[PDB]
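Novice: Structure in structure tokens, see below.
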Amino acid sequence: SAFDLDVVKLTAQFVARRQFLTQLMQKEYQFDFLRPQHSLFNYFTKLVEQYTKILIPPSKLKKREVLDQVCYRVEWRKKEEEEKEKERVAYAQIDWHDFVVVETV
Amino acid sequence: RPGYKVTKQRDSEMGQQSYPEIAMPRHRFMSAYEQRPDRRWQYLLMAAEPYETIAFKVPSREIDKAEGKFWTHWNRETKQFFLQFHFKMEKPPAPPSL
Amino acid sequence: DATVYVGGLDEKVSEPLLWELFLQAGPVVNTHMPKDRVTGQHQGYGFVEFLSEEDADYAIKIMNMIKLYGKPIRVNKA
Amino acid sequence: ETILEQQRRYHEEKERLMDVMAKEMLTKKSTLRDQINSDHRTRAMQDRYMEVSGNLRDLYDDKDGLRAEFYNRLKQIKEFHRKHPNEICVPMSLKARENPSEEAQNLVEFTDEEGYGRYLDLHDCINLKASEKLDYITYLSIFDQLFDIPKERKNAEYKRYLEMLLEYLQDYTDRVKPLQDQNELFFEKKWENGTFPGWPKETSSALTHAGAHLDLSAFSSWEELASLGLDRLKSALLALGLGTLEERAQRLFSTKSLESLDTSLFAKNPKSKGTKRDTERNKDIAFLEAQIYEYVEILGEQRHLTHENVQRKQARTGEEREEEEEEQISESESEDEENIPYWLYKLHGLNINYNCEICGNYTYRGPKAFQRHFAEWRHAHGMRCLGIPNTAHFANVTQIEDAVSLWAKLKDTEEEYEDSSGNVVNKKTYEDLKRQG
């Protein structure tokens, strides 16, 4: 898959700085991932974004703090399933023929 | 349209004072075709462990039988009927059904 | 694994159709199929010791395909 | 090489690591909590979570199971943070290529190993679930950092230093407990009520060794806290404060071991030949003393915990002390993550010593039994896996060697070419000359 990866990431590199690809398509079935139809397209939208991000702080990162951050990320069902199970059991296990009605609607 | 609503009340800490053993009420629609003579109508049976079962006759073929009320969330509990249209005020011991 | 436990059988089955039956797969070296004395009849569960363990693990894989008197036969390790 | 790709991969790896140590902090909040608590008493500003969270071992709603493992993961997270710091550092420091990417088109290879090998390179947990340690730190072992008597930070082993101390005081009037009583001295006592004269050689040497020990123990037991930060903090406290000792009566003490009336004479004494001499000779010792002081303060809970241990063990019996030691040992060497017919046997020929060589040099007690070995699962496994096929032929000899030559003992047509010389010629050869003809 090295080929696909490389072309995705390259067209993503250039696309990150969007007119060169739209010209390439008309100039030159290799870049079929450009259309949102081709599944890989999605991952493409990722890579570009990522590169777009590298362009953000092109600024140094001077990050205790890392720890605090990982904690906050951490911070950012089973029992229920169990109770439900119990309910299913009991519902399945009671006499629905022990009737004693009062009225009607 | 028109729908039915039932308000069932339970004991006031009178006898339930005497072990997390299944410690909500459950409802089911039963056909009268099976009884311990006559038949031909449905019953909205409601049951709780200690107390005795209760039934309500439903001559109308269909009432309040809604169409995708909530947005398809899947905790079946017991069945679509129970989650769809029941409430169990466990703090006051009041079971509402509609 | 050399031995297996076998459930769900009919007393017309005996130690012989087990002998013959499981050696169809691989030879039963030691057969045990209780005869109950009191009412003189079988409950239908079995224990089988083989030559070594490989016989019996293949036996776990293949083994529970047997059907005794139209009915299902339990085979598990022991 | 397009720097964009490199910087990208860097930010991505950093993300991966943060995510890993965050997953960890998630499964067992103690990892952070523990750490943070200690941090609290070193850098007072630090904000710490609600006590309830700490106790119930929960981060938001779910209370996690209480967990050697805590410490382990803390050291693992330590190396992770090291990697992260490195990457952060290096980081701080089109058609042309797409054409060359066409190189070697014909490779039948599946490539799913960039984010998976990294994600995997830094995740929890062997084949499936045996060792909590990540592939990143697979050769990380705490027992090479903590002794058994320290119990991964539970206690600090001071018996050794009690020995050295006996050697220092040149007597035996000093008991383990009286020695600990001495240690307790360590803001003013260790300075104004010294066990020995602070200008004694043996004493200063001892104090050095001990200080070093306490410090290494400190940072050893709290990997997660920035060591350099703490070091620098202490150093600056040493330089900026430590006429820090003031008395309303005697004035200002100097670690020259003399007091001074007023700050004035104190200052004009810090340039004198005496103080120059002393501060120039006893600097390292004074500083080490100070470190012993502050590090022992930061470890008050461990000091107390150990002293307690001492008194306990001391008040044990023999059996008690033994069983306790057993416990410490087990804790030390345990995985950080848990998953009549007498003449009858002679007559029948049994209970007589015999051996099969091919099977694990195994012993057999009977000749009928060994004769039954010839048809067996394991015996045939040794043969067949050895490359000697299982059949009767070999159902005699035991030694591995001879059956190899026996198995060697176990394991051409003429197609008439047209020149009448090919009557020696093989079938396949003449077919090859069919393809040639």
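A note on labels: chains of the structure tokens are A, B, ... as shown, every chain counts residues from 1, and ligands are counted from 1 in their shown order.
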Contacts between chain B and chain A, please, where a residue of chain A counts if it comes within 9 Å (with only C-alpha atoms); show its shortest atom pair and distance in Å to one decimal, rows by chain and ascending number, as CSV.
Specialist:
```
residue,atom,partner,partner_atom,distance
A:81,CA,B:75,CA,8.2
A:83,CA,B:77,CA,8.5
A:84,CA,B:77,CA,5.0
A:85,CA,B:77,CA,7.6
A:86,CA,B:22,CA,6.9
A:87,CA,B:78,CA,6.4
A:88,CA,B:78,CA,5.2
A:89,CA,B:78,CA,8.9
A:90,CA,B:22,CA,8.2
A:91,CA,B:26,CA,6.7
A:92,CA,B:78,CA,8.8
A:94,CA,B:47,CA,8.2
A:95,CA,B:53,CA,8.6
A:96,CA,B:30,CA,7.3
A:97,CA,B:35,CA,6.4
A:98,CA,B:53,CA,6.3
A:99,CA,B:53,CA,6.0
A:100,CA,B:54,CA,5.3
A:101,CA,B:55,CA,4.2
A:102,CA,B:56,CA,6.8
A:103,CA,B:56,CA,5.9
A:104,CA,B:57,CA,4.5
A:105,CA,B:58,CA,6.1
```
Novice: Within 12 Å of residue 36 (chain C), counting only C-alpha atoms, which residues qualify if same-chain residues fewer than 6 places away don't, as a count of residues only?
Specialist: 5
Novice: For residue 84 (chain B), please output as a list in words all residues within 12 Å (counting only C-alpha atoms; exclusion window: fewer than 6 positions along the same chain).
Specialist: residues 27, 64, 65, 66, 67, 68, 69, 70, 71, 72, 73, 74, 75, 76, 77, 78, 97 and 98 of chain B
Novice: Using only C-alpha atoms, determine which residues lie at most 8 Å from residue 72 (chain D), disregarding the query and same-chain residues fewer than 5 positions distant; provide the list as a PyMOL selection string.
Specialist: chain D and resi 141-142+336
Novice: For the helix (DSSP H, G or I) assignment from backbone DSSP, which residues of chain C qualify? Please present them as JSON, numbers by chain.
Specialist: {"C": [15, 16, 17, 18, 19, 20, 21, 22, 23, 53, 54, 55, 56, 57, 58, 59, 60, 61, 62, 63]}
Novice: Using only C-alpha atoms, please write the residues we just selected to a file, as a compact mmCIF listing (two decimals), in the first residue's frame.
Specialist:
```txt
# COMPACT_ATOMS: atom_id res chain seq x y z
CA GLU C 15 -20.00 -50.47 26.01
CA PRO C 16 -19.65 -52.21 22.60
CA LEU C 17 -21.22 -49.59 20.34
CA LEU C 18 -19.13 -47.09 22.28
CA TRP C 19 -16.06 -49.24 21.67
CA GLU C 20 -16.90 -49.53 17.97
CA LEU C 21 -18.33 -46.00 17.95
CA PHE C 22 -15.43 -43.91 19.22
CA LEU C 23 -12.74 -46.16 17.62
CA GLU C 53 -3.51 -36.87 24.66
CA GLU C 54 -3.33 -36.01 20.92
CA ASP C 55 -5.88 -38.72 20.14
CA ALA C 56 -8.22 -37.08 22.65
CA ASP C 57 -7.79 -33.46 21.57
CA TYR C 58 -8.50 -34.33 17.94
CA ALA C 59 -11.32 -36.21 19.78
CA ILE C 60 -12.50 -32.92 21.25
CA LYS C 61 -12.51 -31.41 17.77
CA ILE C 62 -14.19 -34.17 15.72
CA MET C 63 -15.78 -36.09 18.53
```
Novice: Can you pull out every residue within 9 Å of region 42-51 of chain A, counting only C-alpha atoms, but drop anything in the same chain fewer than 4 positions away, and send it as a PyMOL selection string?
Specialist: (chain A and resi 8-9+11-17+33-34+36+38+55-56) or (chain D and resi 4-5+7-8+12)
Novice: What gap, in Å, lies between CA of residue 1 (chain C) and CA of residue 73 (chain C)?
Specialist: 17.5 Å
Novice: Here is a test: counting only C-alpha atoms, which residue of D:284, D:1, D:69, D:192 is nearest to residue 258 (chain D)?
Specialist: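 The answer is D:192, which sits nearest to residue 258 (chain D).
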Novice: Write out as an mmCIF file with N, CA, C and O atoms, in the first residue's frame which residues come within 7 Å of residue 76 (chain C) when counting only C-alpha atoms, dropping same-chain ones fewer than 3 positions away.
Specialist:
```cif
data_model
loop_
_atom_site.group_PDB
_atom_site.id
_atom_site.type_symbol
_atom_site.label_atom_id
_atom_site.label_comp_id
_atom_site.auth_asym_id
_atom_site.auth_seq_id
_atom_site.Cartn_x
_atom_site.Cartn_y
_atom_site.Cartn_z
ATOM 1 N N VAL C 4 -12.752 -38.682 27.897
ATOM 2 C CA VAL C 4 -13.884 -37.776 27.619
ATOM 3 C C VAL C 4 -15.141 -38.227 28.378
ATOM 4 O O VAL C 4 -15.330 -39.427 28.652
ATOM 5 N N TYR C 5 -15.966 -37.229 28.707
ATOM 6 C CA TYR C 5 -17.290 -37.416 29.298
ATOM 7 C C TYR C 5 -18.344 -37.307 28.168
ATOM 8 O O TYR C 5 -18.314 -36.342 27.375
ATOM 9 N N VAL C 6 -19.257 -38.289 28.110
ATOM 10 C CA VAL C 6 -20.236 -38.433 27.040
ATOM 11 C C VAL C 6 -21.643 -38.514 27.619
ATOM 12 O O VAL C 6 -22.002 -39.487 28.278
ATOM 13 N N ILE C 60 -11.678 -34.070 20.897
ATOM 14 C CA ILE C 60 -12.502 -32.916 21.255
ATOM 15 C C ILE C 60 -13.003 -32.234 19.961
ATOM 16 O O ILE C 60 -14.157 -31.829 19.885
#
```
Novice: Would you please extract all strand (DSSP E) residues from chain C, as assigned by DSSP on the backbone, and give them as a list in words?
Specialist: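 Written out, the strand (DSSP E) residues of chain C are residues 4, 5, 6, 30, 31, 32, 46, 47, 48, 49, 67, 68, 71, 72, 76 and 77 of chain C.
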Novice: Which of these, D:65, D:415, D:149, D:225, has the shortest distance to residue 66 (chain A) once you count only C-alpha atoms?
Specialist: D:225
Novice: Could you give me, as CSV, every chain A residue with an atom at most 10 Å from chain D, plus its closest atom pair and distance in Å to one decimal, counting only C-alpha atoms, rows ordered by chain then number?
Specialist:
```
residue,atom,partner,partner_atom,distance
A:1,CA,D:111,CA,5.1
A:2,CA,D:111,CA,6.4
A:3,CA,D:101,CA,6.7
A:4,CA,D:101,CA,9.6
A:5,CA,D:111,CA,9.0
A:6,CA,D:101,CA,6.8
A:7,CA,D:98,CA,6.5
A:8,CA,D:98,CA,9.8
A:9,CA,D:5,CA,8.4
A:10,CA,D:98,CA,6.5
A:11,CA,D:94,CA,7.8
A:12,CA,D:94,CA,10.0
A:13,CA,D:4,CA,7.6
A:14,CA,D:94,CA,6.5
A:20,CA,D:94,CA,9.7
A:24,CA,D:95,CA,9.6
A:47,CA,D:8,CA,9.0
A:50,CA,D:8,CA,6.9
A:51,CA,D:8,CA,6.6
A:52,CA,D:4,CA,9.7
A:53,CA,D:8,CA,8.6
A:54,CA,D:8,CA,6.6
A:55,CA,D:4,CA,8.5
A:58,CA,D:92,CA,9.6
A:59,CA,D:92,CA,8.0
A:60,CA,D:92,CA,5.3
A:61,CA,D:92,CA,6.8
A:62,CA,D:88,CA,8.1
A:63,CA,D:88,CA,8.6
A:64,CA,D:226,CA,7.0
A:66,CA,D:18,CA,7.6
A:67,CA,D:32,CA,7.9
A:68,CA,D:32,CA,8.6
A:69,CA,D:18,CA,8.1
A:70,CA,D:22,CA,4.5
A:71,CA,D:22,CA,6.0
A:72,CA,D:22,CA,8.3
A:73,CA,D:22,CA,6.4
A:74,CA,D:26,CA,5.2
A:75,CA,D:59,CA,6.0
A:76,CA,D:60,CA,8.7
```
Novice: Give me, as a ChimeraX atom specification, all polymer residues having an atom no more than 9 Å from residue 118 (chain D), counting only C-alpha atoms and skipping those fewer than 4 positions away in the same chain.
Specialist: /D:13,16,113-114,122-123
